[PDB]
Amino acid sequence: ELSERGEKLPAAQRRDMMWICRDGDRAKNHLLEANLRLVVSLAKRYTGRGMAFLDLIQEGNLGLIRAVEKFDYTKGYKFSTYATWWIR
DNA sequence: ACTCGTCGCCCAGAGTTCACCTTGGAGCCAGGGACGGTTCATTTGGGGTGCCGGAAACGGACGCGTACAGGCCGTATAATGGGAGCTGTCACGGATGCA
């Protein structure tokens, strides 16, 4: 929003924004790497027809990325229950 | 004691060839119609036509609805590292990981 029709952000006011953005991206990556195990556990069930195990795994990672993007913690629900639908 | 089978013989004839009159014709030419292949006048019953009036089918154009086909999107107790594959060959020149 500030990029166009904003203000010239000083170093003090911009470094905080950059740091919190990087922290958020790092947290997203951490959650992805944590839930990859659920991804592979879910994807183990569709082998033997059509595609390969690695292809199924990568599709599971894509679904996990989508679920992480569309997750909502305010509902007070465990992440696996929501992510299973997207992975499937 | 004797003839009817068979021999020549003698005359009528007959149809045959020679060599004679007649007389129905083959053409042969002349002459004279009527007739039809031909030509030339009509003759107006009929073929023809161009054309748009124009009525109407018709073949397509055009604008606007409808239908499945394929595509995108989402489902909130929990669900967190995998099946498997069958391997009795022989030689061998050489790279290559560990000697």
# chains A, B, ... in the order shown; residues from 1 in each chain; ligands from 1
$ select_by_dssp --residues "chain A" --states "helix (DSSP H, G or I)" --output "ChimeraX atom specification"
/A:11-46,53-69,73-75,79-87
$ interface_residues --of "chain B" --to "chain A" --cutoff "7 Å" --atoms "only C-alpha atoms (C1' of nucleotides)" --output "NGL selection string"
:B and (76 or 78-81)
$ closest_residue --among "A:74, A:3, A:13, A:61" --to "residue 88 in chain A" --atoms "only C-alpha atoms"
A:61
